[PDB]
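Subsequent text provides structure tokens for two forms of one protein chain, presented individually as structure 1 and structure 2.
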Structure 1
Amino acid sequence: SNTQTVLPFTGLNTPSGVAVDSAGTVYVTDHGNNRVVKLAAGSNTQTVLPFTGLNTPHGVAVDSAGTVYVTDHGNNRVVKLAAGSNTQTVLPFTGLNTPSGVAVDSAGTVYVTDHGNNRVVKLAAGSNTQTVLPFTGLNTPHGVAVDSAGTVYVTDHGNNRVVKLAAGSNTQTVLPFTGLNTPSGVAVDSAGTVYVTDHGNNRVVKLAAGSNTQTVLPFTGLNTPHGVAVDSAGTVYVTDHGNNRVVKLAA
């Protein structure tokens, strides 16, 4: 599409993460206001999720049941809220330092970019002890995403690259993105297309599987975009952080 839509969130300040569930509900981390807000598809009014004690929250993810996972970055913790629940759960990660991105796979495993420790950790559903993914040489990583085979994608923000790690592998792969001037958000769709937000170039780029064709999505007027999400219809959502808005663009 060459039509982008500003979602009717209101009063955002320096928003970071965005996520979209199978029903089309959109969640955004309104980082500068210490809140997480959501818009149901077609809804006119945003609602603040009843998280408690959030401080400069960053990443957000949502699973198939509508559970919302948020990196409570200012508190070095990750919290989740089941749909309809008023009582958040603090996930039992340990030793986090300014965590950023969060993702959740089909098995309910939660992946967190432990940005301040240059590592990515994961926590299986029902487990109380995280594992460290064997990425190497990361520097201030930001976003994280996971596909259906369990392959994990991380934006290695400080090294201006996007790297991926298959489940059970020791060798990470640098993806053939070009001209990145520091990446932030990442997402992956069912076709294996990888989407990245490019901070210094104020743009969202996607990488087609196999061909490795890179295309700049025709968003316009972006200013320091942060989070990116993609829904089942292929529509791309970006947190336009510098402009305090969330924008979407159909394929």
Structure 2
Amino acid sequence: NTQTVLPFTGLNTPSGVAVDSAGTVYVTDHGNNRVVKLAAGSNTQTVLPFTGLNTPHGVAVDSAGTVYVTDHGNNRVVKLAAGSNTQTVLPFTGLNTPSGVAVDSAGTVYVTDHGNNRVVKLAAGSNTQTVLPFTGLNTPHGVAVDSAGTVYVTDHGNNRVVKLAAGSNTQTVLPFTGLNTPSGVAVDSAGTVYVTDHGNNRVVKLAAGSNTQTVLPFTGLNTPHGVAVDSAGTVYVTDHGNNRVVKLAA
């Protein structure tokens, strides 16, 4: 229940955040064009060996430790395997300012194509990307995917979070209320969905199937951007406006 600013150093507008299965926190550093990681309990960040990023936004990490980053300004998505020093460009096409990124258990990569009002996915090893059947989006921002392959997207212009069930492709608006420009989104191991309410300076959680949302006890947030949740329920938020990454111990 305790809130602590993590010992990242030299951050310039942290944006995206992810946590891997070990509790390591990965953060995109907008102004610095870099991605930094901090193991649980470590006080020493590591700068990942990406190169040539232009305002990196979203970050995701798969169960193998491979790191995926949206290169917002260069309209591309890059990845870095664990321990590797050389980034690979993913064969997405036609992107315009990709923002959020997520990866499922099969290595399929989901990207919110901000400027094109669409969400696209790309299986590992494939040369054809698939536009997902979301409807009525007015600029998607954050994306997350759960074990069922269900995809969650924050819809900037409609102040809502939408769910796409795998298979039936039924789109459902999650019953959040009072959102003001939802941005980041995450889903924990229980299926609970977390959203950064960018305009209201708060983080909100909603169990699937519930009409009770819970404001998480973060304090003094200024345009919170990214959110991630680890297996123990610890929530990490990038406080874009305050240049910090905040942890809330479960």
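Under this definition, the rigid core comprises the largest set of C-alpha atoms superposing within 1.5 Å between the forms. Shifts are known only where both forms have a C-alpha. The first residue in the sequence of structure 1 is number 1, and each one after it adds one.
query = Core fitted between the two structures: which of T94, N170, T87, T131 shows a C-alpha shift of 2 angstroms or more?
reply = That would be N170.
ask   = Relative to the superposed rigid core, does the CA atom of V216 travel 2 Å or more between the two structures?
value = Result for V216: no, shift under 2 Å.
task = Provide the displacement, in Å, of the CA of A23 between the two structures, taking the core as the superposition reference.
result = Here the C-alpha difference is 1.2 Å.
request  = Any chance you could measure the C-alpha shift of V62 between the two structures with the core superposed, in Å?
outcome  = That residue's C-alpha is offset by 0.5 Å.
key: Regions shifting between the two structures, defined as 3+ consecutive residues whose CA atoms all move 2 Å or more relative to the core   = Runs found: 168-171, 209-212, listed by sequence.
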